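Quick notes on the structure that follows.
No Cβ is skipped: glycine too gets one built from the backbone with ideal geometry, and neighbour counts run over all protein chains shown. The numbers here are math on the coordinates, done by the rules we state, and not lab data.
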Amino acid sequence: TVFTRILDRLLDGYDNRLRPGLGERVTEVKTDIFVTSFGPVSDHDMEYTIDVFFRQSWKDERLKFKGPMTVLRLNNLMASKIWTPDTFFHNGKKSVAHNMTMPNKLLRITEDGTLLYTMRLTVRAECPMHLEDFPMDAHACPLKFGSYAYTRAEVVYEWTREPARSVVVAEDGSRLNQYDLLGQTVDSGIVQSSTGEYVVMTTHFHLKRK
Amino acid sequence: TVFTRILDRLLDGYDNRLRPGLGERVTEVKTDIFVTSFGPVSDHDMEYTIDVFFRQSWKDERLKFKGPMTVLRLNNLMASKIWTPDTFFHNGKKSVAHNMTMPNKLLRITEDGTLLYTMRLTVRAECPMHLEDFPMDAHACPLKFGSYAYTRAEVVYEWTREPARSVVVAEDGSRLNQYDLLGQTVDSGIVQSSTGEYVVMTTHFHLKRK
Amino acid sequence: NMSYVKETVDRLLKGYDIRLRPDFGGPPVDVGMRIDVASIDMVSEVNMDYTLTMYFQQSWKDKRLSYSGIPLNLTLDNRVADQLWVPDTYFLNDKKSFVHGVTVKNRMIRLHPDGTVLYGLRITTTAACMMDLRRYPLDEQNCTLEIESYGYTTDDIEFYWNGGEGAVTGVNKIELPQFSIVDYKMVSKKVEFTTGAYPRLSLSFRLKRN
Amino acid sequence: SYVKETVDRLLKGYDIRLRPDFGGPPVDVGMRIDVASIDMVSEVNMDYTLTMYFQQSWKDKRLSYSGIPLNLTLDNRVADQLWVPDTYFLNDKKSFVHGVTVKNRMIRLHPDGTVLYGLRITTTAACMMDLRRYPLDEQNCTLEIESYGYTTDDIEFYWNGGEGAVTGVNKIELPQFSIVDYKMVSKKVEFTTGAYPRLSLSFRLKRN
Amino acid sequence: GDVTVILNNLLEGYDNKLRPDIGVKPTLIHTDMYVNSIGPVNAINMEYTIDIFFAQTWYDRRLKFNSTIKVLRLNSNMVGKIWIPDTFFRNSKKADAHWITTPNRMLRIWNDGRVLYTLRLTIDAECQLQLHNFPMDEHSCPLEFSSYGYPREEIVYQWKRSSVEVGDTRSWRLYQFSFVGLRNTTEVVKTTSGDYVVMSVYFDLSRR
Ligand SMILES: *[C@@H]1O[C@H](CO)[C@@H](O[C@@H]2O[C@H](CO)[C@@H](O[C@@H]3O[C@H](CO[C@H]4O[C@H](CO)[C@@H](O)[C@H](O[C@H]5O[C@H](CO)[C@@H](O)[C@H](O)[C@@H]5O)[C@@H]4O)[C@@H](O)[C@H](O[C@H]4O[C@H](CO)[C@@H](O)[C@H](O)[C@@H]4O[C@H]4O[C@H](CO)[C@@H](O)[C@H](O)[C@@H]4O)[C@@H]3O)[C@H](O)[C@H]2NC(C)=O)[C@H](O)[C@H]1NC(C)=O
Ligand SMILES: *[C@@H]1O[C@H](CO)[C@@H](O[C@@H]2O[C@H](CO)[C@@H](O[C@@H]3O[C@H](CO)[C@@H](O)[C@H](O[C@H]4O[C@H](CO)[C@@H](O)[C@H](O)[C@@H]4O)[C@@H]3O)[C@H](O)[C@H]2NC(C)=O)[C@H](O)[C@H]1NC(C)=O
Ligand SMILES: *[C@@H]1O[C@H](CO)[C@@H](O[C@@H]2O[C@H](CO)[C@@H](O[C@@H]3O[C@H](CO)[C@@H](O)[C@H](O)[C@@H]3O)[C@H](O)[C@H]2NC(C)=O)[C@H](O)[C@H]1NC(C)=O
Ligand SMILES: *[C@@H]1O[C@H](CO)[C@@H](O[C@@H]2O[C@H](CO)[C@@H](O[C@@H]3O[C@H](CO)[C@@H](O)[C@H](O)[C@@H]3O)[C@H](O)[C@H]2NC(C)=O)[C@H](O)[C@H]1NC(C)=O
Ligand SMILES: *[C@@H]1O[C@H](CO)[C@@H](O[C@@H]2O[C@H](CO)[C@@H](O)[C@H](O)[C@H]2NC(C)=O)[C@H](O)[C@H]1NC(C)=O
Ligand SMILES: *[C@@H]1O[C@H](CO)[C@@H](O[C@@H]2O[C@H](CO)[C@@H](O)[C@H](O)[C@H]2NC(C)=O)[C@H](O)[C@H]1NC(C)=O
């Protein structure tokens, strides 16, 4: 009743096509990843599988409000009417967005203006290994991701928590048959292409056979 | 020139989500099929392929008209607006409603109010198979179908012709390679569901391994 | 009279906010699961998964969809499900899932004069099952199926089994070619994450290798 | 400038849900297929995979324009705003229009009215295989091109060009089979609902 | 909201259905790709898969805006509102774009009217292993593209850099053969619909 008047106000003058602060500050996207189940590593295809709750958060100065509630747990139909980052996995092969009774998305707009847009995904990506030591080896499967259409001067990715404590694997989340997930290591990074210097969040999964 | 103006007279005031006769007599849908081919049986996962022309007919008195043409042979884009029933196959575990250039659906509105509506399907229905006699098999694979959301007090399925003649297989079309089609057998039952009571059109196909 | 019904159906959809859950900003609304298991389709010890087809039914009492004149349990078309609020219930251990689209999308919208919305889905889930291959003739699995909301904390909605033990129907009518159902058990559970706490209904059952 | 308002008036008041010459003569639809590949003639599944440039040309009096002495090749997002025939394939199992960058679909109008249509379709078509002679047998797997909801009192099919309506077949090389001959067949097919026109393109497959 | 003013003003009176130089110029398009990976050459289906970043560059005189910002960077939301040329890979079995997490479509608009547009595309093309010598393999593996509807009078593809124009990556991209270099051509292929420019890209490989 009252909240419909709020949400009908927050789209007058709003534009999908513009990041928050165009011609201004860069936008800082706080990326969090919760690994639901690290799936089976396909050795002949040379690619692994991982199920993630790919979280990301940023501040928009156009979605502020002074309603009775602080956080409005809205629906995923709302998220197609606000700006979202264009993150993509640089080594991803066949990444499916999980669609169900509703699409598995989320949007919790806050009276501060900060957002929270998480997605349930299955991204499969390249993990090149060296079979010089075939029965017993350990190598790191990379998971790189970053923006597609926005350079480092438009968007800048960050980690939500500390980088040692951002990517979280689940307790029971291991669909592995041959290997042992033991630890992960992230860093930031800049990969320059023919357009510009894009920021790339690299995540390695160190794992060894049995 | 004229026929554009008469389709809008039938669709203005017509509600796309109300069956003909809500609070009135029960909608009588008349079902016909035409088995274009009986596809190859699968002894591994106990299923079979079948592609039919699945015909339906019911009287929508809200769509009667007076024009120069006797019947109106219209596109599938018209059929998205008119109420059509939700006829699902109880044995179908994967099905393809075929579309090639348009969706393969014809809607022929007669002058009286009745209307024919059929679609070219493919049903991967499953057989509960008895393999006690694996070289000398004699099966009867069902093709149950009925409404999904509408009760027996809301829609009732009937066969168009006599029920022994209301199922037709093509004379030169069957993709069986290990079995052969002895003949068809229909039945009409009622499934007592947790939601309500539903009419169920059952169709059997009698097979024997060569 | 069908003209009185369309005036009420248009009245329920004029002023409706699809992006707001019912009693938004107040007490959580209870959504009750109802599962009618059609079949266990393809359980496989190669990909660590099993294929489940079922009738996922769910009911919730919402305030905005109430009427006084019609004594009927108003069953609308399934395209009204694209016009109303439905929960974003997902299955956490799925690998590939789909709603059956044989004739229409197999959805049920059954309104009530009270305000109870009944929502059905014939969905086929390829859920993952971590199977212990310690001893092969006596496998004795426990393959789960986890119902959980995505974008709503436990103070936004809450789950329960609609009927206690009788919410799960049809598991005794399953005939697997190599397995036998000896027990199935429904578990209600609350699970917290960094984002919030989430309700979790668990449908689990034991298999046996012959 | 001037061209944009002529395209906008061809789409103003246009009723998609009625065919050309509705309530009158049958609209004449001519077809042409450029065969791209015979990819996977599977002997187990008894099917063959065909990639083809499916082309349709019909006369439409509602889409004629006076000036502009050129052909208006429009974007592919106009075909859902125009009438196209509901041509299916009778023996398909899996098929799709290619979506390489956008959907591969051609609309080329003409100043007289002859709408030209095009698609790039990969069709997994099934065919009967006689495995009596297990080597060196000819298969004769066909492709029945038929419309769904238009009786011969509403449409007419023909191979546009006669014998030169199917090109690119002689440039195909298969590793196991070999294209020995192809032929085009026009007929009428009666059902319970009506009488529908059918084009049939055959491929005899002399296995090496 | 100052960019919202000049972005909305490029949208009224703009038809998505017409190419920019609809009567005057052949609407030349500059193109290039970044070869991100070349997957396994299976060669039983005569198929190799390749991941590229396929970019396009053309001048739309309807998109000139006055110099307030030099170039505005757009997301994947304004590609459907602007004329985008059709481009299809001629030898592709299944060329599927990447749609995950608000799809991979990049769009830039300068005040000159120049439009930069790119895609992330995975392909699987046609390449025979040329099995005269099975240990001593050689291969060509073409990758060619054209417009499906617009002929050489209405569209012209051209490389940016003369005779190479194609980048590459670190050669650890799952190639069981020896990737030894690039070469590209430009061909006018006569079809029935018209004459089309064909931009072949060759990936020379050999088994070792
Ligand atoms: C037989 O029937 C089936 C089922 O009905 C048809 O399949 C559907 O076809 C339609 C028409 O093409 C598709 O709709 C369009 O989809 C575009 C992308 O959708 C993606 O959806 C999910 C992820 O969200 C992916 O899984 C999909 O991938 C599948 O489809 C591709 C297609 O080639 C396959 O190759 C794959 O293998 C997958 O199977 C899709 O990638 C979508 O962008 C588009 O929506 C825009 O355009 C329409 C009209 O213009 C408007 O809804 C709207 O304007 C959208 O534009 C917004 O977004 C764009 C983004 O760029 C902006 O530019 C705009 O400004 C605006 O903001 C449209 O919805 C549908 O996805 C597809 N479904 C499936 C399951 O395949 C067959 O085509 C049909 N066959 C026939 C008729 O021959
Ligand atoms: C993921 O799952 C969601 C389920 O919530 C699904 O969203 C739905 O998608 C369909 C399209 O596939 C939407 O239906 C559209 O709704 C608009 C509303 O005005 C209609 O105008 C559209 O009509 C078009 O198609 C009609 C077909 O009969 C024709 O009349 C005509 O050609 C129109 O162009 C269309 O029906 C539906 O609204 C959403 N539901 C939501 C967003 O809640 C989504 O598509 C799934 N994604 C996948 C499968 O990739
Ligand atoms: C398959 O395994 C799962 C977990 O390994 C079993 O689920 C467990 O079921 C028990 C029995 O109900 C649960 O214990 C009780 O739960 C209730 C309701 O949550 C609570 O009130 C009790 O205090 C007690 O904790 C247990 O929580 C549950 N485990 C999980 C993780 O949910 C399941 O029963 C097994 N399948 C079969 C067929 O036995
Ligand atoms: C084997 O392939 C041949 C062609 O390669 C096809 O035979 C065709 O079969 C159709 C229908 O079975 C027939 O076409 C007829 O053509 C006459 C004119 O010649 C026409 O008046 C009829 O109405 C009918 O359409 C004919 O037998 C033959 N046609 C041609 C041109 O060869 C078919 O695909 C396969 N035939 C068999 C017997 O397996
Ligand atoms: C309309 O729906 C209501 C709600 O399900 C039905 O009321 C139930 O009827 C069953 C009879 O099978 C009783 O066992 C339940 O106790 C009733 N529940 C409630 C809350 O009343 C009602 O029968 C339906 N009426 C019609 C005409 O369909
Ligand atoms: C527009 O398309 C029409 C239809 O094909 C063209 O008309 C024919 O063109 C071919 C080859 O150019 C020739 O047979 C004749 O020139 C035309 N035939 C007839 C019967 O008129 C027309 O040339 C095209 N217009 C342009 C500018 O290319």
Self-check item: 5 angstrom amide H check on B:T87, placed H, neighbours 5+ away
Solution: C:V104
Self-check item: Backbone HN-Hα couplings from phi across the range D:158-172 [Karplus 6.51/-1.76/1.60, Hz, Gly and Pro as x]
Solution: 7, 6, 6, x, x, 7, x, 8, 10, 10, x, 6, 6, 8, 8
Exercise. Give the shape of the range B:1-42 as rounded, prolate or oblate, defined through the alpha-carbon gyration tensor: a ≥ b ≥ c are the square roots of its eigenvalues, a/c under 1.5 means rounded, and otherwise the shape is prolate if a/b is larger than b/c and oblate if not.
Key: oblate
Exercise. Could you pull out the pairs from B:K81/D:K4; E:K81/E:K160; D:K103/E:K94 whose alpha carbons sit more than 20 Å apart here?
Key: B:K81/D:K4; E:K81/E:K160
Practice problem: Count the DSSP beta bridges whose two residues both fall in the protein assembly as shown, then state the antiparallel fraction as a percent rounded to the nearest 5. | Solution: 90
Self-check item: For the range D:60-208: relative contact order, % (alpha-carbon pairs under 8 angstrom, 6 or more apart)
Solution: 24
Quiz prompt | FRET efficiency, 1/(1 + (r/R0)^6) with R0 35 Å, evaluated for E:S206 and D:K94 via beta carbons | solution = 0.50
Quiz prompt | For E:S37, distant residues with modelled amide H under 5 Å away | solution = E:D51
Quiz item: When only C-alpha pairs under 8 Å and at least 6 residues apart count, what is the relative contact order of chain B, in percent?
Solution: 25
Self-check item: Amide H partners (placed H, <5 Å) of B:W58, local residues excluded
Solution: B:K30, B:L115
Practice problem: Could you pull out every one of the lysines with an alpha carbon less than 17 Å from that of D:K183, ignoring same-chain neighbours closer than 8 positions? | Solution: D:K171, D:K206
Quiz item: In the Gaussian network model of chain D, springs joining C-alpha atoms below 10 Å, which of D:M184, D:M46, D:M31 carries the largest mean-square fluctuation?
Solution: D:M46
Exercise. Take every Cα pair under 8 Å in chain E that's 6+ residues apart, average their separations, divide by the length, and report that relative contact order as a whole percent.
Key: 24
Quiz prompt | In Hz, Karplus ³J(HN,Hα) per residue of the range A:89-100 (6.51, -1.76, 1.60; θ = phi - 60°; x = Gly, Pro) | solution = 8, 5, 10, x, 9, 9, 9, 9, 7, 6, 10, 9
Exercise. Would you compute, from DSSP H runs of 4+ residues alone, the mean residue ellipticity of the protein assembly as shown at 222 nm, taking -39500 (n - 2.57) per run and dividing by the full residue count, rounded to the nearest 500?
Key: -1000 deg cm²/dmol
Practice problem: Please list the radius of gyration and Dmax for the protein assembly as shown, considering alpha-carbon atoms only, with Å as the unit. | Solution: 29.9, 83
Quiz prompt | Inter-site label distance for D:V169 and E:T185 at 7 Å from Cα along Cβ, in nm | solution = 2.7
Practice problem: Would you kindly state how much longer the chain becomes between B:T160 and B:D133 on full extension, computed as 0.36 nm times their sequence separation minus their alpha carbon distance, in nm to one decimal? | Solution: 6.0 nm
Quiz prompt | Whole-Å semi-axes of the range D:109-208's equivalent ellipsoid (Cα gyration tensor) | solution = 30, 19, 11
Practice problem: With θ set to phi - 60°, apply the Karplus curve 6.51 cos²θ - 1.76 cosθ + 1.60 along the range B:32-45 and write out the HN-Hα couplings as whole Hz, x wherever there is a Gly or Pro. | Solution: 10, 10, 8, 6, 6, 7, 9, x, x, 6, 10, 6, 6, 9
Self-check item: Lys pairs, chain C - Cα-Cα below 19 angstrom, 8 or more residues apart or on other chains
Solution: 6
Self-check item: the range B:69-210: projected area of the alpha-carbon convex hull, averaged over directions, in nm²
Solution: 11.5
Exercise. Have a look at E:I155, E:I100, E:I84 and tell me which one the Gaussian network model of chain E (Cα, springs below 10 Å) gives the largest fluctuation.
Key: E:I100
Exercise. Any chance you could list the semi-axes, whole Å, largest first, of the equivalent ellipsoid that the Cα gyration tensor gives for chain E, using √(5λ)?
Key: 35, 19, 14
Exercise. Between E:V164, E:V198, E:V24, find the one with the highest GNM mean-square fluctuation for chain E; connect C-alpha pairs within less than 10 Å.
Key: E:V24
Self-check item: For chain D, the Rg and Dmax computed from alpha carbons only, in angstrom
Solution: 19.1, 66
Quiz item: Roughly speaking, what is the stretch gain from A:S188 to A:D45, that is 0.36 nm per residue apart minus the C-alpha to C-alpha distance, in nm to one decimal?
Solution: 48.7 nm
Quiz item: How far is it, in nm, from the label point at E:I6 to the one at B:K210 when both lie 7 Å from their Cα along the line to the Cβ?
Solution: 7.4
Self-check item: Rounded FRET efficiency, nearest 0.05, which uses the C-beta distance separating E:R62 from C:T8 and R0 of 60 Å
Solution: 0.80
